[PDB]
Amino acid sequence: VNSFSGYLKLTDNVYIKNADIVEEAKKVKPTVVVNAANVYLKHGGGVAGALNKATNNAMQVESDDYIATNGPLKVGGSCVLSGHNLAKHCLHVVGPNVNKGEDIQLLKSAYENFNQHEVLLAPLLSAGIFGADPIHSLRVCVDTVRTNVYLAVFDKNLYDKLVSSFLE
Ligand SMILES: Nc1ncnc2c1ncn2[C@@H]1O[C@H](COP(=O)(O)OP(=O)(O)OC[C@H]2O[C@H](Oc3ccc4c(C(F)(F)F)cc(=O)oc4c3)[C@H](O)[C@@H]2O)[C@@H](O)[C@H]1O
């Protein structure tokens, strides 16, 4: 249905809201919801952990099946799997793990996957356990994605810092 509302428009195509991406998915019912994944699609926490939990582990079983057939993803790569009860499709995207020393330029490649989809509900890739600077991730998203991206930022403190950092 893609009935997004409450988002602050940052650019022609990038929108931001302070919300839980799970809550937004069940209110919006988007065509595509983005997961901030690892290369093994092991959904152990953060966005992935919340999305998986909202699918009742169904997302995890499907993801294991994908990994069993294709093997781990590449950092910066993606794969289109089922959205289950949250969306039509889930676009799993692997941002770089900057904490481990992975190349942050792979964050451009990660966001580039967004361009194959007309509208996405998405988180800030690599901005959590992967330790990428939140402002930088939003900048690469803005500089990279040309389709319509609705970013759900769970943390209010981070949301206010991104809005003022961008719209100011
Ligand atoms: N519900 C939400 N809705 C909207 N936005 C949200 C939401 N929740 C977070 N964000 C925000 O999204 C942005 C991205 O953060 P993420 O950490 O989800 O993604 P990432 O940085 O690209 O790293 C990718 C990895 O994370 C996941 O693995 C883990 C594993 C363990 C933990 C643990 C702990 F078990 F070790 F303790 C604590 C923890 O907090 O997170 C983990 C992530 C996933 O399997 C992948 O391997 C941040 O700005 C965050 O603040």
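Residues numbered from 1 in each chain as written, not as in the entry; some residues may be left out. Heavy atoms only, no water.

- Per the deposited record, the coordinates in this entry were obtained by X-ray crystallography to a resolution of 1.86 Å.

1. Focus: the site of the ligand
Right, so step 1: With respect to spatial proximity, 23 residues lie near the ligand, and among them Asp 20, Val 47, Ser 126, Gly 128 and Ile 129 are the closest.
Right, so step 2: In the model, an oxygen atom of the ligand is placed 3.1 Å from a nitrogen or oxygen of the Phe 130 main chain.
Right, so step 3: Relative to its unbound accessible surface of 910 Å², the ligand loses 71% to contact with the protein.
Right, so step 4: A majority-of-atoms criterion places the ligand in the largest pocket.
Right, so step 5: Looking at the shell around the ligand, the elements with two or more residues in it are strand 3 (32-37) and helix 2 (46-54).
Right, so step 6: When residues in the shell around the ligand are grouped by element, the largest group, four residues, is from helix 2. (Near = heavy atom within 4 Å. Polar contact = N/O pair within 3.5 Å; in protein donor to acceptor, adjacent residues only side chain to side chain. Areas by Shrake-Rupley, 256 points an atom, 1.4 Å probe, with all protein chains shown as cover. 1 Å grid on protein atoms, 1.4 Å probe; cavity = no way out; pocket = protein on both sides within 12 Å on 5 of 7 lines; lining within 4 Å. Sits in = over half its atoms within 2 Å of the grid points. Helix = DSSP H or I, 4+ residues; strand = E, 2+ residues; numbered from the N terminus.)

2. Let's talk about the nonpolar core
Right, so step 1: Counting residues in each nonpolar core, the largest one holds 28 residues, and the members touching the most others are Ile 16, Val 34, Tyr 111, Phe 114, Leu 125, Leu 138 and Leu 151.
Right, so step 2: Listed by contribution, the elements that provide at least two residues to this core are strand 2 (14-17), strand 3, strand 5 (89-94), helix 4 (106-112), strand 6 (119-122), helix 5 (134-144), strand 7 (148-152) and helix 6 (156-166).
Right, so step 3: If we ignore the near neighbours within four places in the chain, the residues touching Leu 125 are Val 34, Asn 35, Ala 36, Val 93, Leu 107, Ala 110, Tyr 111, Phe 114 and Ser 137.
Right, so step 4: Among the nonpolar cores identified, the runner-up in size contains 18 residues, and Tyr 7, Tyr 15, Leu 51 and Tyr 150 belong to it. (Core = buried A, V, L, I, M, F, W, Y, C linked by side-chain atoms within 4.5 Å. Buried < 20%, exposed > 50% of the residue type's maximum accessible area, 1.4 Å probe, protein only. Contact = heavy atoms within 4.5 Å.)

3. A few points about the packing of helix 5 against helix 6
Working note: a packed helix pair is described by the angle between its axes plus the distance between those axes.
Right, so step 1: The contact between helix 5 and helix 6 brings their axes to 10 Å, and the two run at 55°. As far as their axial angle goes, helix 6 and helix 5 are oblique. Here helix 5 and helix 6 pass one another in a crossing that is right-handed. Between helix 5 and helix 6, the contacting residues are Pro 134, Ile 135, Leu 138 and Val 142 on the first element and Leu 158, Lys 161, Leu 162, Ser 165 and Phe 166 on the second.
Right, so step 2: For the contact of helix 5 with helix 6, the per-class residue count stands at seven nonpolar, one polar and one charged. (Axes fitted to C-alpha atoms, helices over the stretch in contact; angles between N-to-C directions. Parallel < 35°, antiparallel > 145°, perpendicular 65-115°, else oblique. Left-handed = near helix turned anticlockwise from the far one by under 90°. Nonpolar A, V, L, I, M, F, W, Y, C, P; charged D, E, K, R; others polar.)

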